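Asker: Structure supplied as data_8.txt; contents: compact mmCIF, N, CA and C atoms.
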```txt
# COMPACT_ATOMS: atom_id res chain seq x y z
N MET A 128 89.86 119.97 90.20
CA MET A 128 90.87 119.30 91.02
C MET A 128 90.22 118.33 92.00
N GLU A 129 90.75 117.12 92.09
CA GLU A 129 90.26 116.13 93.05
C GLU A 129 91.21 115.94 94.24
N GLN A 130 92.47 116.29 94.05
CA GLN A 130 93.45 116.08 95.09
C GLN A 130 94.45 117.23 95.17
N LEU A 131 94.74 117.69 96.38
CA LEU A 131 95.78 118.70 96.58
C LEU A 131 96.84 118.14 97.51
N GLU A 132 98.09 118.51 97.25
CA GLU A 132 99.21 118.02 98.03
C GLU A 132 100.05 119.22 98.50
N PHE A 133 100.36 119.25 99.79
CA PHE A 133 101.19 120.31 100.35
C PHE A 133 102.21 119.70 101.29
N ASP A 134 103.36 119.32 100.75
CA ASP A 134 104.47 118.73 101.53
C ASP A 134 104.04 117.73 102.57
N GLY A 135 103.25 116.73 102.22
CA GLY A 135 102.90 115.77 103.25
C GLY A 135 101.45 115.82 103.67
N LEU A 136 100.82 116.97 103.44
CA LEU A 136 99.39 117.11 103.65
C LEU A 136 98.73 116.86 102.32
N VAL A 137 97.83 115.88 102.28
CA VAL A 137 97.10 115.53 101.07
C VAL A 137 95.61 115.63 101.34
N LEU A 138 94.92 116.42 100.51
CA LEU A 138 93.48 116.59 100.63
C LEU A 138 92.80 115.83 99.50
N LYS A 139 91.83 114.99 99.84
CA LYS A 139 91.17 114.14 98.87
C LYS A 139 89.70 114.51 98.83
N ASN A 140 89.32 115.28 97.81
CA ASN A 140 87.98 115.85 97.73
C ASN A 140 86.90 114.81 97.42
N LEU A 141 87.22 113.78 96.64
CA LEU A 141 86.25 112.71 96.40
C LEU A 141 85.78 112.08 97.71
N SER A 142 86.71 111.72 98.58
CA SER A 142 86.34 111.05 99.83
C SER A 142 86.20 112.02 101.00
N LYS A 143 86.50 113.30 100.74
CA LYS A 143 86.48 114.34 101.77
C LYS A 143 87.33 113.95 102.99
N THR A 144 88.49 113.35 102.73
CA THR A 144 89.41 112.99 103.79
C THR A 144 90.78 113.60 103.54
N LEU A 145 91.59 113.64 104.58
CA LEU A 145 92.89 114.27 104.52
C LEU A 145 93.90 113.34 105.17
N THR A 146 95.11 113.29 104.61
CA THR A 146 96.19 112.53 105.22
C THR A 146 97.36 113.45 105.54
N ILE A 147 98.12 113.08 106.55
CA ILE A 147 99.39 113.72 106.86
C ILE A 147 100.39 112.59 106.93
N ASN A 148 101.42 112.66 106.09
CA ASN A 148 102.36 111.55 105.90
C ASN A 148 101.65 110.21 105.68
N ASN A 149 100.64 110.25 104.81
CA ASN A 149 99.87 109.08 104.42
C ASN A 149 99.05 108.46 105.54
N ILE A 150 98.82 109.20 106.62
CA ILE A 150 97.94 108.72 107.67
C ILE A 150 96.68 109.56 107.71
N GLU A 151 95.53 108.90 107.62
CA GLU A 151 94.26 109.59 107.65
C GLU A 151 93.98 110.25 109.01
N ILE A 152 93.51 111.48 108.97
CA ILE A 152 93.25 112.25 110.17
C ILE A 152 91.75 112.49 110.20
N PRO A 153 91.08 112.04 111.27
CA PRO A 153 89.62 112.26 111.37
C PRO A 153 89.29 113.76 111.29
N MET A 154 88.32 114.09 110.46
CA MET A 154 87.90 115.47 110.30
C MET A 154 86.44 115.43 109.84
N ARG A 155 85.61 116.30 110.41
CA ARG A 155 84.22 116.38 109.97
C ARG A 155 84.15 117.03 108.61
N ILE A 156 83.08 116.74 107.87
CA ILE A 156 82.95 117.20 106.49
C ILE A 156 83.01 118.73 106.29
N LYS A 157 82.38 119.51 107.16
CA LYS A 157 82.44 120.98 107.08
C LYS A 157 83.86 121.52 107.23
N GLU A 158 84.61 120.96 108.18
CA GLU A 158 86.01 121.34 108.38
C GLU A 158 86.81 121.01 107.14
N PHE A 159 86.58 119.85 106.56
CA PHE A 159 87.33 119.51 105.35
C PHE A 159 86.99 120.48 104.22
N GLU A 160 85.70 120.73 104.04
CA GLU A 160 85.25 121.59 102.95
C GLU A 160 85.79 123.01 103.13
N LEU A 161 85.89 123.45 104.38
CA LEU A 161 86.47 124.77 104.64
C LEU A 161 87.94 124.74 104.24
N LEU A 162 88.65 123.72 104.69
CA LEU A 162 90.07 123.63 104.37
C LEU A 162 90.27 123.53 102.85
N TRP A 163 89.42 122.75 102.19
CA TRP A 163 89.53 122.56 100.75
C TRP A 163 89.34 123.88 99.99
N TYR A 164 88.37 124.67 100.43
CA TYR A 164 88.06 125.94 99.79
C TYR A 164 89.25 126.89 99.90
N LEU A 165 89.88 126.93 101.07
CA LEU A 165 91.05 127.79 101.27
C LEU A 165 92.30 127.30 100.54
N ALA A 166 92.60 126.02 100.66
CA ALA A 166 93.78 125.42 100.04
C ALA A 166 93.67 125.40 98.52
N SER A 167 92.44 125.33 98.00
CA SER A 167 92.18 125.49 96.56
C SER A 167 92.51 126.91 96.11
N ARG A 168 92.64 127.82 97.06
CA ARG A 168 92.94 129.22 96.76
C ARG A 168 94.18 129.66 97.54
N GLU A 169 95.23 128.84 97.49
CA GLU A 169 96.47 129.08 98.22
C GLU A 169 96.91 130.54 98.11
N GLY A 170 97.13 131.19 99.25
CA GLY A 170 97.63 132.56 99.25
C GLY A 170 96.56 133.63 99.19
N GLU A 171 95.32 133.25 98.88
CA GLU A 171 94.25 134.24 98.80
C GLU A 171 93.52 134.40 100.13
N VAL A 172 93.27 135.65 100.53
CA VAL A 172 92.57 135.92 101.77
C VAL A 172 91.08 135.85 101.52
N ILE A 173 90.42 134.89 102.14
CA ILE A 173 88.97 134.75 101.95
C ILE A 173 88.19 135.23 103.16
N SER A 174 87.29 136.19 102.93
CA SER A 174 86.50 136.77 104.02
C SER A 174 85.57 135.75 104.65
N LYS A 175 85.17 136.03 105.88
CA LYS A 175 84.20 135.21 106.58
C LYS A 175 82.91 135.10 105.76
N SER A 176 82.51 136.22 105.16
CA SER A 176 81.25 136.26 104.40
C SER A 176 81.25 135.32 103.21
N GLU A 177 82.34 135.31 102.44
CA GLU A 177 82.46 134.39 101.30
C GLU A 177 82.49 132.94 101.77
N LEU A 178 83.09 132.68 102.93
CA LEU A 178 83.16 131.32 103.46
C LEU A 178 81.79 130.84 103.90
N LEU A 179 81.07 131.69 104.62
CA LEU A 179 79.71 131.39 105.03
C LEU A 179 78.82 131.13 103.81
N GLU A 180 78.95 131.99 102.81
CA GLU A 180 78.12 131.93 101.62
C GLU A 180 78.44 130.72 100.73
N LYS A 181 79.73 130.39 100.61
CA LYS A 181 80.16 129.38 99.64
C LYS A 181 80.50 128.02 100.25
N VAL A 182 80.68 127.96 101.57
CA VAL A 182 80.99 126.70 102.24
C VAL A 182 79.82 126.26 103.10
N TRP A 183 79.10 127.23 103.68
CA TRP A 183 77.89 126.92 104.44
C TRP A 183 76.64 127.24 103.64
N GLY A 184 76.82 127.65 102.38
CA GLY A 184 75.73 128.02 101.49
C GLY A 184 74.43 127.26 101.67
N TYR A 185 74.53 125.95 101.89
CA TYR A 185 73.37 125.06 102.04
C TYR A 185 73.11 124.64 103.50
N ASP A 186 74.16 124.66 104.32
CA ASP A 186 74.05 124.28 105.73
C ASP A 186 73.76 125.50 106.58
N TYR A 187 73.11 125.32 107.71
CA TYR A 187 72.76 126.51 108.45
C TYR A 187 73.62 126.77 109.68
N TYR A 188 73.65 128.03 110.09
CA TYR A 188 74.51 128.47 111.17
C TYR A 188 73.77 129.55 111.93
N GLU A 189 73.75 129.44 113.25
CA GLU A 189 73.14 130.46 114.09
C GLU A 189 74.06 131.66 114.18
N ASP A 190 75.36 131.40 114.06
CA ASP A 190 76.37 132.36 114.46
C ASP A 190 77.52 132.37 113.47
N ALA A 191 77.81 133.54 112.91
CA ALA A 191 78.88 133.70 111.94
C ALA A 191 80.22 133.23 112.49
N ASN A 192 80.34 133.20 113.81
CA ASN A 192 81.59 132.78 114.44
C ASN A 192 81.88 131.29 114.35
N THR A 193 80.97 130.55 113.72
CA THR A 193 81.23 129.17 113.37
C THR A 193 82.45 129.09 112.44
N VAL A 194 82.70 130.14 111.65
CA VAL A 194 83.86 130.14 110.77
C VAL A 194 85.16 130.08 111.59
N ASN A 195 85.31 131.00 112.55
CA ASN A 195 86.48 131.04 113.44
C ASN A 195 86.74 129.73 114.15
N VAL A 196 85.67 129.18 114.72
CA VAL A 196 85.71 127.91 115.42
C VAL A 196 86.28 126.83 114.51
N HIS A 197 85.81 126.78 113.27
CA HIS A 197 86.29 125.76 112.34
C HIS A 197 87.74 125.98 111.92
N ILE A 198 88.15 127.23 111.79
CA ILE A 198 89.55 127.53 111.46
C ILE A 198 90.44 126.98 112.57
N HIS A 199 90.04 127.24 113.81
CA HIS A 199 90.79 126.75 114.96
C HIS A 199 90.85 125.23 115.02
N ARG A 200 89.73 124.57 114.74
CA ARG A 200 89.71 123.12 114.68
C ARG A 200 90.70 122.56 113.65
N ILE A 201 90.78 123.18 112.49
CA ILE A 201 91.70 122.69 111.46
C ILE A 201 93.16 122.86 111.89
N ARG A 202 93.50 124.04 112.38
CA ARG A 202 94.86 124.31 112.83
C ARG A 202 95.24 123.42 114.01
N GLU A 203 94.29 123.15 114.91
CA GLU A 203 94.57 122.26 116.04
C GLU A 203 94.94 120.89 115.54
N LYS A 204 94.22 120.41 114.53
CA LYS A 204 94.51 119.07 114.02
C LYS A 204 95.86 119.02 113.32
N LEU A 205 96.17 120.03 112.51
CA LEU A 205 97.46 120.05 111.81
C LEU A 205 98.62 120.09 112.82
N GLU A 206 98.48 120.98 113.79
CA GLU A 206 99.51 121.20 114.79
C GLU A 206 99.69 119.98 115.69
N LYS A 207 98.58 119.35 116.06
CA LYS A 207 98.62 118.18 116.93
C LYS A 207 99.34 117.00 116.27
N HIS A 208 99.28 116.92 114.94
CA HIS A 208 99.96 115.84 114.22
C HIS A 208 101.27 116.30 113.58
N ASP A 209 101.80 117.40 114.12
CA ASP A 209 103.13 117.89 113.78
C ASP A 209 103.28 118.27 112.32
N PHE A 210 102.20 118.80 111.74
CA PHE A 210 102.30 119.33 110.40
C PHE A 210 102.60 120.83 110.47
N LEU A 211 103.82 121.18 110.09
CA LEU A 211 104.36 122.52 110.27
C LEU A 211 104.42 123.46 109.05
N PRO A 212 104.68 122.93 107.83
CA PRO A 212 105.05 123.87 106.75
C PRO A 212 103.92 124.66 106.05
N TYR A 213 102.66 124.31 106.29
CA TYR A 213 101.54 125.11 105.80
C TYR A 213 100.56 125.29 106.94
N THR A 214 99.82 126.40 106.91
CA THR A 214 98.87 126.68 107.97
C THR A 214 97.76 127.57 107.41
N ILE A 215 96.80 127.92 108.24
CA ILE A 215 95.81 128.91 107.85
C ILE A 215 96.15 130.15 108.65
N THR A 216 96.42 131.24 107.95
CA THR A 216 96.75 132.49 108.60
C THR A 216 95.49 133.32 108.77
N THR A 217 95.25 133.80 109.98
CA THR A 217 94.14 134.71 110.24
C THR A 217 94.58 136.14 109.93
N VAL A 218 93.90 136.79 108.99
CA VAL A 218 94.20 138.19 108.70
C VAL A 218 93.10 139.02 109.36
N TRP A 219 93.43 139.63 110.49
CA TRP A 219 92.41 140.13 111.43
C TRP A 219 91.40 141.09 110.81
N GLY A 220 90.12 140.77 110.92
CA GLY A 220 89.07 141.60 110.35
C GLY A 220 88.87 141.44 108.85
N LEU A 221 89.78 140.72 108.19
CA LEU A 221 89.76 140.68 106.73
C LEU A 221 89.46 139.29 106.19
N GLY A 222 89.98 138.25 106.85
CA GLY A 222 89.66 136.89 106.47
C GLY A 222 90.75 135.88 106.81
N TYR A 223 90.79 134.79 106.04
CA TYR A 223 91.73 133.70 106.29
C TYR A 223 92.38 133.26 105.01
N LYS A 224 93.60 132.76 105.11
CA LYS A 224 94.30 132.29 103.94
C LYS A 224 95.18 131.08 104.27
N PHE A 225 95.04 130.05 103.45
CA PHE A 225 95.93 128.89 103.49
C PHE A 225 97.21 129.25 102.74
N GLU A 226 98.36 129.07 103.40
CA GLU A 226 99.66 129.41 102.83
C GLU A 226 100.81 128.73 103.58
N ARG A 227 102.01 128.83 103.00
CA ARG A 227 103.23 128.36 103.66
C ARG A 227 103.42 129.13 104.94
N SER A 228 103.82 128.42 105.99
CA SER A 228 104.02 129.00 107.32
C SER A 228 105.07 130.11 107.29
N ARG A 229 104.78 131.18 108.03
CA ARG A 229 105.43 132.49 107.93
C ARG A 229 105.01 133.24 106.66
```
Spit out the file's structure as structure tokens when you get a sec.
Answerer:
Amino acid sequence: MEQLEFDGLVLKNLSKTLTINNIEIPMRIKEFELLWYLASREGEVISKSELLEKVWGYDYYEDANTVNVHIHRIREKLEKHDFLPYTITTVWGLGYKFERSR
């Protein structure tokens, strides 16, 4: 898959950019790759460990809590640009999942 669409949110993996209502939203590459990994697995709860291993596999991190920080950054950007119908749900202690809101 090169492109995912979720009611107005479009993820473009070739360019590692994202649009909301066809407007590009600045996002760093790690944040995009995290979002892409989750949205590619809509509805699946992905543990911090799998995210660190498969999204940061090559990049380094002092602190596993870089995952949480990045989840928050993604949700802040979606929320700030009034994107409501999909979000990343935190499943406490278990992981994160991209899914329809509620």
Asker: Would you mind listing what lies within 6.5 Å of range 174-176 of chain A as a ChimeraX atom specification, with only N, CA and C atoms counted and same-chain residues fewer than 2 positions away left out?
Answerer: /A:172,178-181,221-223
Asker: With distances taken over only C-alpha atoms, which of A:157, A:227, A:168, A:208 is nearest to residue 194 in chain A?
Answerer: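 Smallest separation from residue 194 in chain A among the options: A:157.
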Asker: Mind giving me the straight-line distance from CA of residue 192 in chain A to CA of residue 132 in chain A in Å, one decimal?
Answerer: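 Straight-line distance from CA of residue 192 in chain A to CA of residue 132 in chain A works out to 28.2 Å.
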Asker: Mind listing the helix (DSSP H, G or I) residues of chain A, per DSSP on the backbone, as number ranges by chain?
Answerer: A: 156-166, 175-182, 193-207
Asker: Excluding same-chain residues fewer than 4 positions from residue 206 in chain A, what lies within 12 Å of it counting only C-alpha atoms, as a ChimeraX atom specification?
Answerer: /A:136,147,152,199-202,210-215,228
Asker: Edge lengths and centre in Å to one decimal, as JSON, of the axis-aligned box that encloses all listed atoms of range 210-217 of chain A with 4 Å added on every side?
Answerer:
```
{"center_x": 99.6, "center_y": 127.5, "center_z": 108.8, "size_x": 18.9, "size_y": 25.3, "size_z": 13.9}
```
Asker: Could you find all residues in chain A that DSSP calls strand (DSSP E or B) from the backbone, and write them as an mmCIF file with N, CA and C atoms, in the frame of the given file?
Answerer:
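Dumped everything to part_3.cif:
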```cif
data_model
loop_
_atom_site.group_PDB
_atom_site.id
_atom_site.type_symbol
_atom_site.label_atom_id
_atom_site.label_comp_id
_atom_site.auth_asym_id
_atom_site.auth_seq_id
_atom_site.Cartn_x
_atom_site.Cartn_y
_atom_site.Cartn_z
ATOM 1 N N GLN A 130 92.470 116.290 94.050
ATOM 2 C CA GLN A 130 93.450 116.080 95.090
ATOM 3 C C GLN A 130 94.450 117.230 95.170
ATOM 4 N N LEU A 131 94.740 117.690 96.380
ATOM 5 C CA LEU A 131 95.780 118.700 96.580
ATOM 6 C C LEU A 131 96.840 118.140 97.510
ATOM 7 N N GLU A 132 98.090 118.510 97.250
ATOM 8 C CA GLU A 132 99.210 118.020 98.030
ATOM 9 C C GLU A 132 100.050 119.220 98.500
ATOM 10 N N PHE A 133 100.360 119.250 99.790
ATOM 11 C CA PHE A 133 101.190 120.310 100.350
ATOM 12 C C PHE A 133 102.210 119.700 101.290
ATOM 13 N N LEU A 136 100.820 116.970 103.440
ATOM 14 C CA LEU A 136 99.390 117.110 103.650
ATOM 15 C C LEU A 136 98.730 116.860 102.320
ATOM 16 N N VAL A 137 97.830 115.880 102.280
ATOM 17 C CA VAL A 137 97.100 115.530 101.070
ATOM 18 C C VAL A 137 95.610 115.630 101.340
ATOM 19 N N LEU A 138 94.920 116.420 100.510
ATOM 20 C CA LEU A 138 93.480 116.590 100.630
ATOM 21 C C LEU A 138 92.800 115.830 99.500
ATOM 22 N N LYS A 139 91.830 114.990 99.840
ATOM 23 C CA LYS A 139 91.170 114.140 98.870
ATOM 24 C C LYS A 139 89.700 114.510 98.830
ATOM 25 N N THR A 144 88.490 113.350 102.730
ATOM 26 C CA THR A 144 89.410 112.990 103.790
ATOM 27 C C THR A 144 90.780 113.600 103.540
ATOM 28 N N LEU A 145 91.590 113.640 104.580
ATOM 29 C CA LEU A 145 92.890 114.270 104.520
ATOM 30 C C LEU A 145 93.900 113.340 105.170
ATOM 31 N N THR A 146 95.110 113.290 104.610
ATOM 32 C CA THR A 146 96.190 112.530 105.220
ATOM 33 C C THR A 146 97.360 113.450 105.540
ATOM 34 N N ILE A 147 98.120 113.080 106.550
ATOM 35 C CA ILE A 147 99.390 113.720 106.860
ATOM 36 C C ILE A 147 100.390 112.590 106.930
ATOM 37 N N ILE A 150 98.820 109.200 106.620
ATOM 38 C CA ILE A 150 97.940 108.720 107.670
ATOM 39 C C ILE A 150 96.680 109.560 107.710
ATOM 40 N N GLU A 151 95.530 108.900 107.620
ATOM 41 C CA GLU A 151 94.260 109.590 107.650
ATOM 42 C C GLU A 151 93.980 110.250 109.010
ATOM 43 N N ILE A 152 93.510 111.480 108.970
ATOM 44 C CA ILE A 152 93.250 112.250 110.170
ATOM 45 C C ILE A 152 91.750 112.490 110.200
ATOM 46 N N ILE A 173 90.420 134.890 102.140
ATOM 47 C CA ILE A 173 88.970 134.750 101.950
ATOM 48 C C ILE A 173 88.190 135.230 103.160
ATOM 49 N N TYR A 213 102.660 124.310 106.290
ATOM 50 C CA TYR A 213 101.540 125.110 105.800
ATOM 51 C C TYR A 213 100.560 125.290 106.940
ATOM 52 N N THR A 214 99.820 126.400 106.910
ATOM 53 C CA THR A 214 98.870 126.680 107.970
ATOM 54 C C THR A 214 97.760 127.570 107.410
ATOM 55 N N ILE A 215 96.800 127.920 108.240
ATOM 56 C CA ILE A 215 95.810 128.910 107.850
ATOM 57 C C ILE A 215 96.150 130.150 108.650
ATOM 58 N N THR A 216 96.420 131.240 107.950
ATOM 59 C CA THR A 216 96.750 132.490 108.600
ATOM 60 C C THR A 216 95.490 133.320 108.770
ATOM 61 N N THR A 217 95.250 133.800 109.980
ATOM 62 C CA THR A 217 94.140 134.710 110.240
ATOM 63 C C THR A 217 94.580 136.140 109.930
ATOM 64 N N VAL A 218 93.900 136.790 108.990
ATOM 65 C CA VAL A 218 94.200 138.190 108.700
ATOM 66 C C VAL A 218 93.100 139.020 109.360
ATOM 67 N N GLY A 222 89.980 138.250 106.850
ATOM 68 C CA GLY A 222 89.660 136.890 106.470
ATOM 69 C C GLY A 222 90.750 135.880 106.810
ATOM 70 N N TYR A 223 90.790 134.790 106.040
ATOM 71 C CA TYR A 223 91.730 133.700 106.290
ATOM 72 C C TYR A 223 92.380 133.260 105.010
ATOM 73 N N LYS A 224 93.600 132.760 105.110
ATOM 74 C CA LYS A 224 94.300 132.290 103.940
ATOM 75 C C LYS A 224 95.180 131.080 104.270
ATOM 76 N N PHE A 225 95.040 130.050 103.450
ATOM 77 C CA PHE A 225 95.930 128.890 103.490
ATOM 78 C C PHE A 225 97.210 129.250 102.740
ATOM 79 N N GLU A 226 98.360 129.070 103.400
ATOM 80 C CA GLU A 226 99.660 129.410 102.830
ATOM 81 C C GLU A 226 100.810 128.730 103.580
ATOM 82 N N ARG A 227 102.010 128.830 103.000
ATOM 83 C CA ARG A 227 103.230 128.360 103.660
ATOM 84 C C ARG A 227 103.420 129.130 104.940
#
```
Asker: Please provide as a PDB file with N, CA and C atoms, keeping the file's coordinate frame all residues within 7 Å of residue 170 in chain A, with the sequence filter that same-chain residues fewer than 3 positions apart are discarded (counting all atoms listed in the file).
Answerer:
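Dumped to out-v7.pdb:
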```pdb
ATOM      1  N   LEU A 165      89.880 126.930 101.070  1.00  0.00           N
ATOM      2  CA  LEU A 165      91.050 127.790 101.270  1.00  0.00           C
ATOM      3  C   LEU A 165      92.300 127.300 100.540  1.00  0.00           C
ATOM      4  N   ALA A 166      92.600 126.020 100.660  1.00  0.00           N
ATOM      5  CA  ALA A 166      93.780 125.420 100.040  1.00  0.00           C
ATOM      6  C   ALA A 166      93.670 125.400  98.520  1.00  0.00           C
ATOM      7  N   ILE A 173      90.420 134.890 102.140  1.00  0.00           N
ATOM      8  CA  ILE A 173      88.970 134.750 101.950  1.00  0.00           C
ATOM      9  C   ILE A 173      88.190 135.230 103.160  1.00  0.00           C
ATOM     10  N   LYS A 224      93.600 132.760 105.110  1.00  0.00           N
ATOM     11  CA  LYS A 224      94.300 132.290 103.940  1.00  0.00           C
ATOM     12  C   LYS A 224      95.180 131.080 104.270  1.00  0.00           C
ATOM     13  N   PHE A 225      95.040 130.050 103.450  1.00  0.00           N
ATOM     14  CA  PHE A 225      95.930 128.890 103.490  1.00  0.00           C
ATOM     15  C   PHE A 225      97.210 129.250 102.740  1.00  0.00           C
ATOM     16  N   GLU A 226      98.360 129.070 103.400  1.00  0.00           N
ATOM     17  CA  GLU A 226      99.660 129.410 102.830  1.00  0.00           C
ATOM     18  C   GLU A 226     100.810 128.730 103.580  1.00  0.00           C
ATOM     19  N   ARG A 227     102.010 128.830 103.000  1.00  0.00           N
ATOM     20  CA  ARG A 227     103.230 128.360 103.660  1.00  0.00           C
ATOM     21  C   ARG A 227     103.420 129.130 104.940  1.00  0.00           C
TER      22      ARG A 227
END
```
Asker: Just the number, please: distance in Å from atom N of residue 163 in chain A to atom N of residue 140 in chain A, one decimal.
Answerer: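 Separation of atom N of residue 163 in chain A and atom N of residue 140 in chain A: 8.7 Å.
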Asker: Could you state the separation of CA of residue 190 in chain A and atom N of residue 153 in chain A in Å, given to one decimal place?
Answerer: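 One can read the CA of residue 190 in chain A to atom N of residue 153 in chain A distance as 25.3 Å.
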